[PDB]
Amino acid sequence: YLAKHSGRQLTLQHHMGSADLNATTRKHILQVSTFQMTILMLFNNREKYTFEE
Amino acid sequence: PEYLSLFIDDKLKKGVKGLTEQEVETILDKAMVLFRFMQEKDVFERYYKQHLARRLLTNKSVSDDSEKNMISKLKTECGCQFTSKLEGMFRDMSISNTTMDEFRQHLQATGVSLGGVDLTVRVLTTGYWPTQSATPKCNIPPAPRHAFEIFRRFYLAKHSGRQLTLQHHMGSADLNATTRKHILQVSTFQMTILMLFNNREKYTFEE
Amino acid sequence: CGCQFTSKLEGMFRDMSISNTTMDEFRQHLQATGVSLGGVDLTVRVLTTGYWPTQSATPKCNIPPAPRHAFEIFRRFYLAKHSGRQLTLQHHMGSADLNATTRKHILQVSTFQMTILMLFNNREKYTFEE
Amino acid sequence: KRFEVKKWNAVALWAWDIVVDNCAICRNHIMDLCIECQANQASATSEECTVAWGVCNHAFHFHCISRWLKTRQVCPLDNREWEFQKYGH
Amino acid sequence: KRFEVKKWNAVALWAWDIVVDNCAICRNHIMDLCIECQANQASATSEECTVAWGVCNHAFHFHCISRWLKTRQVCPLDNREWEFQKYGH
Amino acid sequence: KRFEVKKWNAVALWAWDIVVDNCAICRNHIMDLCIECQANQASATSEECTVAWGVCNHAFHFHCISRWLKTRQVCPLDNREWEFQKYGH
């Protein structure tokens, strides 16, 4: 955008959209509505978390 | 007349001085009445044009409306001697922003180097703006240098009929520094020194 | 015939005229700037889809380093020239002059053998699989 | 090197505003039927609806541009008079 | 890894030239009153002065843009005609 | 790196056909006298012959363009009417 449409600036948000999380006996793809992506990514980085983490 | 031009520049750039447009119209009328009983209009016009160049080649959004009032008052005070050239350099600024949009579209179509991202390049004419001293021959920081090359190429392929010159005594830039990422600002004077520092620190005057 | 298809014939002749004007346009463009050095001698042509039967203009194939940078320069300069033209790449048209090297005899490739010869230049001893 | 290219005689093709993603008249696509065809098979007999190409290199469905010939026909994407130079993509 | 993201369907928001630091009409700020309001309490009754948003995504004080509707109204930051699409930041 | 440039706000200057090597009217040079001055000192009193700049960004000697004002004055390098926007290189 900075290179092409530089007549505007973007803002980041999380309260909209969705995603398809490919999980993995078969490979079943889950779905996250941009609300559980951060928690699941933190779990992927390190499991055994809690509310404080 | 130079001090009068400085005062009108201070009143036209700083919006704090004179908030409501009511006290602004009265103060402009008083200023033009004071200028009515003044001689040596040539230096006044020259310094007003210099102030216009200073205020239009810097951060914009200063008034985006008071310019019409200023030119209307000048028409009813000076006449049609230098006001036409004033509106001509205003049209040059319109040409400047149109060519900036053109360079943005060029980066959108091509943009080989990453230096040509949001290039806020401007295009002006020698006759209107007092840019006769447009020959500081100095090095340009890799990425900005490549951006300038790209812009030149595009503009030429477009109207092939202008000899673009390079200069450094005009414009500005936003240097993204990096605990947080605070973006600095360089008015095309410190770009070369900072780029040399980035290439290698611990420099001096000789370097 | 009359005036049924003759008008389109003279229209594609005018397309050839436009093509040659574009030739010298890009020539001056490279003479002034032309960052791409592969633009030693460019003989590019510009035609319209409606007039010439070039509907099969999508052979998606690689282009040889030097003439590939030539094509990059072409695209960039031409787009600056007239934003509004969908430049599509194709290989089933045109020609080229390959300077080979005991004397220096210049060959000729009709934009069909350029990729194979460029691959040979990059590395010899190739086959159908390569 | 052993072989060096000296001259290149390529030919460049171009189109004005065909918008592959959308007919500028119907806003569905350059292909895949039009607003007045909808179902692909229905009663079409090989789907006579094709893509119409004019001298102004603008592309719409033949059905899309045939409905505009009745009234003013100025190729509403430009000022050129619309012609029929090619049929089929 | 155990969970890998394949698709992402985010939505991006954008604004033209709102200039949070300054109303392009009044040059004070996007918030905090305007040139013709000055004192925040005075006699305002909850400060009716709000932020006006147009179809051109440009933001000024509602008081700032209401004074420009009388004369030419062309959203002086562009060529689009100014509308009223949102009230309040 | 430690410092990276994000935005650049340069200003580009340009001229139409000034031809530094030759006055398009006199064909001597952009500087160094004209056809009707010849000797630099002679009786000139600081050489009043200067360079005239018009709105069409074309540059000639002031003496060169002053002789053309009597007859048609259309800036013979283009169709623009010649003006006097700058004096001195």
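In this document, chain identifiers A, B, C, D, E and F correspond to the written order of the chains, with residue numbering beginning at 1 in each.
Just so we're on the same page, contacts are C-beta pairs under 8 Å (C-beta built on N, C-alpha and C of every residue); 3 or more make two chains touch, one makes a residue touch a chain.
Which chain is which protein? Per UniProt: D, E, F = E3 ubiquitin-protein ligase RBX1.
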If a chain touches subunit B and subunit F alike, it appears here: none
Magnitude of the superposing rotation for subunit D and subunit E (Cα, nearest 5°): 95
Centroid spacing, where centroids are CA-atom means, of subunit C and subunit D in whole angstrom: 24
Centre-to-centre distance between subunit B and subunit A (centres being mean Cα positions), rounded to whole Å: 43
Whole-Å gap separating subunit A and subunit E, where each centre is the average of the chain's CA atoms: 30
Approximate Å spacing (C-alpha centroids) for the pair subunit C, subunit F: 41
For subunit E, residues that touch 2 or more chains besides their own: 17
Shared interface positions of subunit C, touching two or more other chains: 78
Listing of all chain pairs that touch each other, if any do: A-B, A-E, B-C, B-E, B-F, C-D
In the complex with subunit B, residue positions of subunit C that touch it: 25, 28-29, 32-33, 35, 72, 75-81, 83
For the subunit A and subunit B complex, residues of the former touching the latter: 2-7
Residue ranges of subunit B touching subunit E (in the complex, touch as defined): 15, 19-21, 61-65
Contact set on subunit C toward subunit D in their complex: 8, 11, 19, 22, 38, 40-51, 53-55, 57, 64, 66-67, 70-71, 74, 78, 84-88, 90, 93-101, 106-107, 111, 114, 117, 120-121
Residues on subunit E engaged by subunit B in the complex (per definition of touch): 17, 19, 22, 24-28, 35-36, 38, 67-68, 76-77
